[PDB]
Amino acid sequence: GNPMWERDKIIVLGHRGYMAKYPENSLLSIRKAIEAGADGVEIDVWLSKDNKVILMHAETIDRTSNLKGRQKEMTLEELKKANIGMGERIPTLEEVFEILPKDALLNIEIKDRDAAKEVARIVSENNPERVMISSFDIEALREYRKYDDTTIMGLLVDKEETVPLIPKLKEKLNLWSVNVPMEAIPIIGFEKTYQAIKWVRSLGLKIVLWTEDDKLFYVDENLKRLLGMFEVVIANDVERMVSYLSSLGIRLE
């Protein structure tokens, strides 16, 4: 009974804010996602050397910023000194919560199990009902659960051998959703993916769809064939997704 995530309307989140058009995991992309009609955003977080929760997808700042290094081995002053595009600086999770509408949804993907303690603290101060914690790393989710056992939680899946484990993980972690990549459709096949989703849903789990390439939502009408079987879609191109779902007559802009 979390009304922020349990809705009749499909939820659209911007991937890394809105990485199709604005610098990924930046405060600029977040505001733009919301103005384009997203319900919220998904971000990636790590813990800096001096114990601050910062936003970054990769384990080094190489690729999105003009500098080099591993953020887990750097401090926040060193990091706010990078440019991640369009003048934007690496934000902290606290900055993210100041920028967002107080009712906007936020999916925090924990990339760093060491960040779990601080993420749970910051979240408890910023209206946890609108937060989803997710991770590929079961031990990050288990650690998060030491500090917060009520926030909505999704398991990110990227390996086939994780799927049979889901009923026990749901128990151990109190999962709300399994967060599935559209890449599963080519890689394991549409029908096997469909039956796996159907089985997960029969366990009482909700479904979050994501992808590294929005083309996979639309090719072979992959997403349309899954209508009724997902609650949340994480899109790199928010405007395109918002328009598509309105064009099917299922989600009003």
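Numbering starts at 1 and follows the sequence shown.
Comparing 24-32 with 205-213, the stretch with the higher mean C-alpha B-factor in the PDB entry is 24-32. The deposited model assigns a higher average Cα B-factor to 73-81 than to the other stretch when 127-135 and 73-81 are compared. When the C-alpha B-factors of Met182, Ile152, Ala140, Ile90 are read from the PDB record, the largest value belongs to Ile90. Taking the PDB entry at face value, the top CA B factor among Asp39, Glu59, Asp44, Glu191 belongs to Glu59. Sort the modelled residues of the chain by CA B factor and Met86 lands in the highest third. When all modelled residues of the chain are sorted by CA temperature factor, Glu109 is found within the lowest third. Per the deposited record, the Cα B-factor of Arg240 falls in the middle third when ranked against the other modelled residues of its chain. In this PDB entry, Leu223 carries a Cα temperature factor that places it within the middle third of its chain's modelled residues. Annotation for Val53: C-alpha temperature factor in the middle third relative to the rest of the modelled chain, per the entry.
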